[PDB]
Amino acid sequence: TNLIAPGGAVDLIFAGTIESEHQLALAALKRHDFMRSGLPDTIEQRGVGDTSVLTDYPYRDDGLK
Amino acid sequence: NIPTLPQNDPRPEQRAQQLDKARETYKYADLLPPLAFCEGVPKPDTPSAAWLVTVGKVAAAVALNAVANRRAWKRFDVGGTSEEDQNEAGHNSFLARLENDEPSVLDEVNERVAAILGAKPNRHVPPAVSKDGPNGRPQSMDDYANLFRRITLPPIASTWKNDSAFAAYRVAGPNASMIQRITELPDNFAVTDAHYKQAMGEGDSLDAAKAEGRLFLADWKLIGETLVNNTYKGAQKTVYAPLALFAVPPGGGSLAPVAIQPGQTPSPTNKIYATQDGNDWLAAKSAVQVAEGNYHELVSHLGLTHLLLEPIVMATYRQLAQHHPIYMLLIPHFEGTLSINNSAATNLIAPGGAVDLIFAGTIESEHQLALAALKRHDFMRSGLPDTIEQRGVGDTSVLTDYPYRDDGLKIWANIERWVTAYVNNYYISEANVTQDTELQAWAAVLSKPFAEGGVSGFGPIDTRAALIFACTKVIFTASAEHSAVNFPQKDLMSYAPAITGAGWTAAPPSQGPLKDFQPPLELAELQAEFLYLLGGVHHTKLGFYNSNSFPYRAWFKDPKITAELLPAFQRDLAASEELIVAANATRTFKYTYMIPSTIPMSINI
Amino acid sequence: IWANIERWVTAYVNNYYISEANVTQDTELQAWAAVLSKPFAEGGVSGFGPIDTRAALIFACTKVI
């Protein structure tokens, strides 16, 4: 009712039309796979799993524990 | 005439008197410890003449291959031995043409087989290690394929290195009952996600293959529990006890290898090898092939077909009468079963024989490999539809390519339909079962403990369904199961580099040139010539019941079976032929072993 | 004519090359690709590399044919 609403802070500060921003969010909610969206699942989906190659990745390392 | 149960028989006393004369013809001997065995070959169970001529033709090619090999090595004595073999081929063609005492067939055919399976020298010439023949160490890998001079080199010799050919062995090879689906990994075989993605790519995950049931492990642990490495002419023969994981692509597909750990215990000396490891991977598969070579020859083949049937052949001759209907069902499936086993226990798996030389273990360690698999057998839980489910290899969608399963299940189904119609025609009540003093005597000897000579897990034969399974299984492991293990010897095992009984360098961690891992030349020719002979004789055919006499006239006499039951059996086997052949053509690795027209009635070689 | 030649090369290559490891481990094809991947001044074909895929070999055999 305020943020993603017409005349809200997202309407002014962000480059898109407020209704094109809603399509962006709804597009990702529509493309998700809730059953295959676990963190350890996505980490090997993206091949970012090797800690001896990409050694500095605090989100992956801190997030898996 | 028409068979009848003992309690229903019109003439019980005369039936009892042939049984007593039978138990004198067939008395037990201890040729192989803890096993019920035949005291030689009783005269009725001599190999028939057609079996000898069939064998004789192949036994001549093996010797002719040996002579042509001996002309090439050291590039009239080597010609005289040829002409006698060529004349022996003339003997088999014309002298045996009338088919009506035994001359060529009696001595030569049985002796030439004895010299081959007995690893005896001088197998070059009859009624007339040698540095005059292929021997020692290989100059190059060519010399192994150059052995096949008068016999045909197998096709696998040009395909064995491909990983897909290595995995075809586990589902369409000599031992195709090996794999088992797993939902989690063993503690002693912790393959990583990296190894699985090497084989499958970046479209799958190991934790997802164990989820969707697409992992399949094959163990050789029993080889380590049992064998002891022997030395041949000083040289060290080695065999491991590997652990091999396989996996199928997602949504369906065929088997594909993943990882191999040559030993049961993880160690610094023993570690996992994977698809992209180059030479060590090839020697990791070859070390597996040595294990399957020992496993197949003494567990799948001689253990769980030959030696499992030897007691059932004996108890049938001694407790069932020649007028018993089940005697009428099972006996023709035992043609040549007693004779080849005697030639096996006194020559093949005998000290000084082929197995002791070519294969890695001491021959006494090899016998203990067979007995351990015989001791853990559960006869009542060894049905092909039962063993398939036990290993989780049942879903046609997940694992699509399993020729031993999909072709074998049509053959097992055909036999059950035939046994059931047979058992139900003669056994018309469950009292007919329990009141059969002969069948229950038959059961007592086989239900006996393994230490006394029984068949492990055979109890109890109290229902018509218990007789149907026991009779269906016996016929399967005499016809289809023996076909799927005996005849792959010629097609898939005559090439020692593709597979043999011994790795001759120590380790899967590659030590250098591949030629040093293979067996010597004298043994390699012996492996090629003796696996050719045992795997190259198709005599007698499942569904056609005849005698072992010259007319080979039909064995059944009851008109209910002559003009009705057996014709129905023969029709369903012909339907399986069209179904197997059609599906088999689309494949690029072939399974003729469950093709009904090539399936024998009995274990005869 | 190009479509006919590609289909027949895609058939030929795929009958003998069943694994992408059959391509890399074909030492003769790799030594065949070397003398052709050489610099043009040294005597090579300009732009012949790399031939590491069943696809890449199918193109090379289609163009040459």
# chains A, B, ... in the order shown; residues from 1 in each chain; ligands from 1
$ interface_residues --of "chain A" --to "chain B" --cutoff "9 Å" --atoms "only C-alpha atoms" --output "MDAnalysis selection string"
chainID A and resid 44:45 47
$ residues_around --residues "region 27-32 of chain C" --least-positions-apart "4" --cutoff "12 Å" --atoms "only C-alpha atoms" --output "list in words"
residues 17, 21, 22, 23, 36, 37, 38, 44, 45, 48, 49, 50, 51, 52, 53, 54, 56, 57, 60 and 61 of chain C
$ write_last_selection --atoms "N, CA and C atoms" --output "JSON list (two decimals), in the first residue's frame"
[["chain", "number", "residue", "atom", "x", "y", "z"],
["C", 17, "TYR", "N", 32.29, -42.68, -33.62],
["C", 17, "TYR", "CA", 32.54, -41.86, -32.43],
["C", 17, "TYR", "C", 31.28, -41.90, -31.58],
["C", 21, "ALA", "N", 34.86, -38.75, -25.45],
["C", 21, "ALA", "CA", 36.20, -39.19, -25.12],
["C", 21, "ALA", "C", 36.84, -40.00, -26.23],
["C", 22, "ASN", "N", 36.04, -40.59, -27.12],
["C", 22, "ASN", "CA", 36.60, -41.22, -28.32],
["C", 22, "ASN", "C", 37.26, -40.19, -29.22],
["C", 23, "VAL", "N", 36.80, -38.93, -29.15],
["C", 23, "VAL", "CA", 37.37, -37.88, -29.98],
["C", 23, "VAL", "C", 38.72, -37.43, -29.44],
["C", 36, "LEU", "N", 47.48, -29.38, -39.11],
["C", 36, "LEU", "CA", 46.53, -28.48, -39.74],
["C", 36, "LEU", "C", 46.26, -27.23, -38.90],
["C", 37, "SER", "N", 46.33, -27.33, -37.57],
["C", 37, "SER", "CA", 46.16, -26.16, -36.71],
["C", 37, "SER", "C", 47.43, -25.32, -36.61],
["C", 38, "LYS", "N", 48.50, -25.69, -37.31],
["C", 38, "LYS", "CA", 49.73, -24.93, -37.27],
["C", 38, "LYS", "C", 49.51, -23.52, -37.81],
["C", 44, "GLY", "N", 49.92, -24.31, -42.13],
["C", 44, "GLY", "CA", 48.62, -24.78, -41.70],
["C", 44, "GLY", "C", 47.46, -24.16, -42.46],
["C", 45, "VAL", "N", 46.27, -24.62, -42.11],
["C", 45, "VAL", "CA", 45.03, -24.04, -42.60],
["C", 45, "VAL", "C", 44.59, -22.95, -41.63],
["C", 48, "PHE", "N", 41.87, -23.59, -38.39],
["C", 48, "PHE", "CA", 41.42, -24.98, -38.40],
["C", 48, "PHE", "C", 41.09, -25.52, -37.01],
["C", 49, "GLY", "N", 41.72, -25.00, -35.96],
["C", 49, "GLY", "CA", 41.45, -25.48, -34.62],
["C", 49, "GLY", "C", 39.98, -25.37, -34.25],
["C", 50, "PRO", "N", 39.53, -26.14, -33.25],
["C", 50, "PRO", "CA", 40.29, -27.08, -32.41],
["C", 50, "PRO", "C", 40.04, -28.58, -32.66],
["C", 51, "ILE", "N", 38.83, -28.96, -33.07],
["C", 51, "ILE", "CA", 38.46, -30.36, -33.30],
["C", 51, "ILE", "C", 38.59, -31.16, -32.00],
["C", 52, "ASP", "N", 37.81, -30.79, -30.99],
["C", 52, "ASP", "CA", 37.76, -31.53, -29.74],
["C", 52, "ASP", "C", 36.38, -32.12, -29.46],
["C", 53, "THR", "N", 35.44, -31.97, -30.39],
["C", 53, "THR", "CA", 34.07, -32.40, -30.19],
["C", 53, "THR", "C", 33.61, -33.22, -31.39],
["C", 54, "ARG", "N", 32.68, -34.14, -31.14],
["C", 54, "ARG", "CA", 32.03, -34.84, -32.24],
["C", 54, "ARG", "C", 31.37, -33.86, -33.21],
["C", 56, "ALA", "N", 32.58, -30.70, -33.83],
["C", 56, "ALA", "CA", 33.63, -30.01, -34.58],
["C", 56, "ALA", "C", 34.19, -30.89, -35.69],
["C", 57, "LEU", "N", 34.32, -32.19, -35.44],
["C", 57, "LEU", "CA", 34.78, -33.10, -36.48],
["C", 57, "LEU", "C", 33.76, -33.24, -37.60],
["C", 60, "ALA", "N", 34.27, -30.12, -39.88],
["C", 60, "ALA", "CA", 35.49, -30.23, -40.68],
["C", 60, "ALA", "C", 35.31, -31.22, -41.82],
["C", 61, "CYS", "N", 34.61, -32.33, -41.57],
["C", 61, "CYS", "CA", 34.42, -33.31, -42.63],
["C", 61, "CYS", "C", 33.35, -32.86, -43.61]]
$ select_by_dssp --residues "region 7-205 of chain B" --states "strand (DSSP E or B)" --output "ChimeraX atom specification"
/B:28-29,37-38,180-181
$ residues_around --residues "residue 350 (chain B)" --least-positions-apart "3" --cutoff "12 Å" --atoms "only C-alpha atoms" --output "list in words"
residues 31, 32, 114, 117, 118, 119, 120, 341, 342, 343, 344, 345, 346, 347, 353, 354, 355, 356, 357, 362, 363, 364, 365, 366 and 367 of chain B
$ write_last_selection --atoms "C-alpha atoms" --output "short mmCIF file (atom, residue, chain, number, x, y, z; two decimals), in the first residue's frame"
data_model
loop_
_atom_site.label_atom_id
_atom_site.label_comp_id
_atom_site.auth_asym_id
_atom_site.auth_seq_id
_atom_site.Cartn_x
_atom_site.Cartn_y
_atom_site.Cartn_z
CA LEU B 31 34.76 -85.86 -5.90
CA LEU B 32 34.24 -82.31 -4.59
CA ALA B 114 40.23 -83.50 -21.85
CA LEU B 117 40.27 -78.32 -20.32
CA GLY B 118 43.14 -80.16 -18.62
CA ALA B 119 45.72 -77.64 -19.88
CA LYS B 120 47.80 -80.55 -21.10
CA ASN B 341 30.58 -82.09 -14.43
CA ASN B 342 32.82 -85.16 -14.17
CA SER B 343 35.01 -83.69 -16.92
CA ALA B 344 34.93 -80.41 -14.97
CA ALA B 345 35.93 -81.75 -11.53
CA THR B 346 38.72 -83.98 -12.91
CA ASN B 347 40.16 -81.56 -15.50
CA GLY B 353 44.11 -77.66 -15.25
CA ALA B 354 43.25 -74.48 -17.10
CA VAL B 355 41.74 -72.60 -14.15
CA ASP B 356 44.78 -73.07 -11.91
CA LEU B 357 47.10 -71.62 -14.56
CA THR B 362 45.24 -71.13 -6.10
CA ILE B 363 42.87 -73.83 -7.31
CA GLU B 364 41.97 -74.61 -3.69
CA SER B 365 41.13 -70.95 -3.10
CA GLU B 366 39.01 -71.07 -6.27
CA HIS B 367 36.97 -74.04 -5.01
#
$ interface_residues --of "chain B" --to "chain C" --cutoff "12 Å" --atoms "only C-alpha atoms" --output "VMD selection string"
chain B and resid 158 to 159 161 to 165 198 to 201 256 275 to 279 588
$ select_by_dssp --residues "chain C" --states "helix (DSSP H, G or I)" --output "mmCIF file with C-alpha atoms, in the first residue's frame"
data_model
loop_
_atom_site.group_PDB
_atom_site.id
_atom_site.type_symbol
_atom_site.label_atom_id
_atom_site.label_comp_id
_atom_site.auth_asym_id
_atom_site.auth_seq_id
_atom_site.Cartn_x
_atom_site.Cartn_y
_atom_site.Cartn_z
ATOM 1 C CA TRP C 2 25.290 -28.913 -47.829
ATOM 2 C CA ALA C 3 22.415 -30.401 -45.830
ATOM 3 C CA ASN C 4 22.866 -33.783 -47.524
ATOM 4 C CA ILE C 5 26.605 -33.867 -46.799
ATOM 5 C CA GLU C 6 26.232 -32.832 -43.148
ATOM 6 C CA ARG C 7 23.582 -35.491 -42.479
ATOM 7 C CA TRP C 8 25.827 -38.188 -43.964
ATOM 8 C CA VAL C 9 28.832 -36.954 -41.978
ATOM 9 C CA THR C 10 26.739 -36.674 -38.813
ATOM 10 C CA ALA C 11 25.744 -40.285 -39.478
ATOM 11 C CA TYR C 12 29.295 -41.455 -40.240
ATOM 12 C CA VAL C 13 31.023 -39.716 -37.318
ATOM 13 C CA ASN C 14 28.391 -40.847 -34.812
ATOM 14 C CA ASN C 15 28.709 -44.520 -35.790
ATOM 15 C CA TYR C 16 32.440 -44.673 -35.012
ATOM 16 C CA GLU C 20 33.223 -37.419 -26.698
ATOM 17 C CA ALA C 21 36.204 -39.188 -25.115
ATOM 18 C CA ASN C 22 36.603 -41.216 -28.315
ATOM 19 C CA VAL C 23 37.370 -37.876 -29.982
ATOM 20 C CA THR C 24 40.001 -36.556 -27.570
ATOM 21 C CA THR C 27 45.704 -39.600 -31.118
ATOM 22 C CA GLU C 28 45.753 -39.819 -34.917
ATOM 23 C CA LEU C 29 42.972 -37.240 -35.225
ATOM 24 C CA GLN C 30 44.789 -35.067 -32.686
ATOM 25 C CA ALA C 31 48.063 -35.320 -34.596
ATOM 26 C CA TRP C 32 45.993 -34.784 -37.746
ATOM 27 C CA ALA C 33 44.560 -31.599 -36.227
ATOM 28 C CA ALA C 34 48.018 -30.423 -35.129
ATOM 29 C CA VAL C 35 49.722 -30.182 -38.536
ATOM 30 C CA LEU C 36 46.533 -28.477 -39.739
ATOM 31 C CA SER C 37 46.163 -26.161 -36.712
ATOM 32 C CA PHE C 40 49.614 -20.501 -41.781
ATOM 33 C CA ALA C 41 53.200 -19.282 -42.185
ATOM 34 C CA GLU C 42 54.378 -22.666 -40.883
ATOM 35 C CA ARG C 54 32.029 -34.841 -32.244
ATOM 36 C CA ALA C 55 30.355 -31.689 -33.570
ATOM 37 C CA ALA C 56 33.628 -30.011 -34.580
ATOM 38 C CA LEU C 57 34.783 -33.103 -36.481
ATOM 39 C CA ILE C 58 31.432 -33.238 -38.292
ATOM 40 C CA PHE C 59 31.899 -29.672 -39.542
ATOM 41 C CA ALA C 60 35.487 -30.234 -40.677
ATOM 42 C CA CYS C 61 34.419 -33.311 -42.629
ATOM 43 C CA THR C 62 31.406 -31.496 -44.093
ATOM 44 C CA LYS C 63 33.415 -28.493 -45.298
ATOM 45 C CA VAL C 64 36.184 -30.655 -46.774
#
$ atom_distance --atom1 "CA of residue 361 (chain B)" --atom2 "CA of residue 501 (chain B)"
8.7 Å
$ residues_around --residues "residue 7 (chain A)" --least-positions-apart "5" --cutoff "9 Å" --atoms "only C-alpha atoms" --output "ChimeraX atom specification"
/A:2,12,18
$ atom_distance --atom1 "CA of residue 37 (chain A)" --atom2 "CA of residue 192 (chain B)"
21.8 Å
$ atom_distance --atom1 "CA of residue 391 (chain B)" --atom2 "CA of residue 483 (chain B)"
21.3 Å
$ residues_around --residues "region 51-65 of chain A" --least-positions-apart "2" --cutoff "8 Å" --atoms "only C-alpha atoms" --output "ChimeraX atom specification"
/A:39-40,43,48-49
$ write_last_selection --atoms "N, CA, C and O atoms" --output "PDB file, in the first residue's frame"
ATOM      1  N   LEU A  39      19.248 -24.011  -0.461  1.00  0.00           N
ATOM      2  CA  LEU A  39      20.554 -23.380  -0.644  1.00  0.00           C
ATOM      3  C   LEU A  39      21.617 -24.364  -1.111  1.00  0.00           C
ATOM      4  O   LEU A  39      22.281 -24.080  -2.122  1.00  0.00           O
ATOM      5  N   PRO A  40      21.837 -25.515  -0.461  1.00  0.00           N
ATOM      6  CA  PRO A  40      22.829 -26.457  -1.001  1.00  0.00           C
ATOM      7  C   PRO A  40      22.478 -26.950  -2.391  1.00  0.00           C
ATOM      8  O   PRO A  40      23.373 -27.348  -3.147  1.00  0.00           O
ATOM      9  N   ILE A  43      23.517 -24.024  -4.868  1.00  0.00           N
ATOM     10  CA  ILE A  43      24.958 -23.786  -4.902  1.00  0.00           C
ATOM     11  C   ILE A  43      25.629 -24.700  -5.919  1.00  0.00           C
ATOM     12  O   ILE A  43      26.562 -24.291  -6.620  1.00  0.00           O
ATOM     13  N   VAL A  48      29.124 -22.962  -8.111  1.00  0.00           N
ATOM     14  CA  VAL A  48      29.923 -22.132  -7.219  1.00  0.00           C
ATOM     15  C   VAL A  48      30.322 -22.943  -5.991  1.00  0.00           C
ATOM     16  O   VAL A  48      30.668 -22.382  -4.945  1.00  0.00           O
ATOM     17  N   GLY A  49      30.305 -24.272  -6.121  1.00  0.00           N
ATOM     18  CA  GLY A  49      30.434 -25.132  -4.959  1.00  0.00           C
ATOM     19  C   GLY A  49      31.849 -25.381  -4.478  1.00  0.00           C
ATOM     20  O   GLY A  49      32.040 -25.739  -3.310  1.00  0.00           O
TER      21      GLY A  49
END
